[PDB]
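Shown below, as structure tokens, is a lone chain in the form deposited without the ligand; questions about how it binds or moves come after it.
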């Protein structure tokens, strides 16, 4: 049977699913690790024990325990990101979409969801891999990993909560793909991992971490890189936050054993209710439990790894969205509202800057403010709003990704860069937010090809182009068709630094994506904060 697959862990039974008036096979909820519950909480994952009989993989698995956004009850714009299944600590499963008839040895794409390392699900409607697997004829895999304290509580030095266990979950799912995808028609020597935001940062971390490098061939990073200021902390800050978490739950703090044991007795929701109270500063775009530079997963600091070429050398395709910051300002910066134009005063502007660069002394806050203010029109509410939007996006996403790409390209075997600047016509978020963080995802997964969702014809065409770029890159290491007549996505080189825009207009090639600001955020400010 096409729906029956015998893997090294046991037999699995999938289901047939309709897609664009056709069909493909789907294997949902395949377990790749033992349930991280009880004494296993905070612990590194262990391989799932083989099972007898047939595993029923016809329905989505549970979603990991996580914080749930309720800032806009009922609003589709934010609820489309919330868990759509029962949450449970028993959440390490993966999903596979296989073309029909089943391929013999085709390209594999493994999706790693984003969510700031504190949220995310592989089962969201925007992550349905059936469209992409069908249209491009690839085996699509989406995995899951523990988030928040459950996946990133770090008490370096103890084996009970080492940290980075969330990244080990991903690695474990990748190990399973490497060992079993051949039975689903996938070629294990041609797997591309791709993700967005925290997922993009995760992809970059597997490229850096020695233990993950041999598990995949190529990589795609969307709006996220390993060196982002929010993607990781030191072992000291990790330790400091773990202890403060324990203090909010009145736990014994005399020893690691004491704390860990007390945290393992708490119900999942009890840790989630106080998870945000451990941040060191009043801030925006900063999360509590994230990866930590431990000396194991990451041999040394990320900057030294990037300078010495200590990372997997292969081809990579990456880029960012035009307005990465508007989402974090809406939820946490004074002056912004979902139902108004959010024109910002001078007052709130400087207030926003303090919230965006929390680690900066007063001289630094002034450097930023000067770099983003137009003194010929300083009380222009619209310029201050967009100025704050640029700051958040440049500092948190764009400038960090440009640093990575320029460092990587010196040792890589091929780089392709994009700038997504098309605002979907059916967006429910206000206009001032622009090309929002995470909204390029729907084009990558082909949601525009389904009429009932209400996209324009040019948006459907844009989705096919992107799907074909991502898939062609996954297969060959070059998003361009060998002998095509279409416009060519030039290769990003240390010298020219070319990149393309991604929208419904005729392709246009550019150079040095936001260099002015990246030099400020990657060279000047760090130096200023270090000297003063």
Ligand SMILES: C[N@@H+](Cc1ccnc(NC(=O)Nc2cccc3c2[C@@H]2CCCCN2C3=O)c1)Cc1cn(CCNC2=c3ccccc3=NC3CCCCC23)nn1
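Residue numbers count along the first chain shown, from 1. Shifts are known only where both forms have a C-alpha. Think of the rigid core as the biggest set of C-alphas that the two forms share within 1.5 Å after superposition.
Separately, the form solved in complex with the ligand exists; it is not shown, and the next lines address it.
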| item | value |
| --- | --- |
| Single option in 328, 298, 408, 349 placed near the ligand in the bound PDB entry, where near means a heavy atom within 4.5 Å | 328 |
| Contact residue in the bound PDB entry, chosen from 282, 341, 270, 214 - any heavy atom within 4.5 Å of the ligand | 282 |
| Output flag, 69, 115 and 118 jointly within 4.5 Å of the ligand in the bound PDB entry, heavy atom basis | yes |
| Residue 81: touches the ligand in the bound PDB entry, heavy atom cutoff 4.5 angstroms | yes |
| 4.5 angstroms heavy atom contact with the ligand in the bound PDB entry for residue 196 | yes |
| The ligand contact at residue 436 in the bound PDB entry, heavy atom, 4.5 Å | yes |
| In the bound PDB entry, residue 176 touching the ligand (heavy atom, 4.5 Å) | no |
| Proximity to the ligand in the bound PDB entry (heavy atom, within 4.5 Å), stretch among 377-385, 107-115, 341-349, 161-169 | 107-115 |
| Shared-residue segments moving between this form and the one not shown, Cα shift 2 Å or more over 3+ consecutive positions, core-fitted | 337-339 |
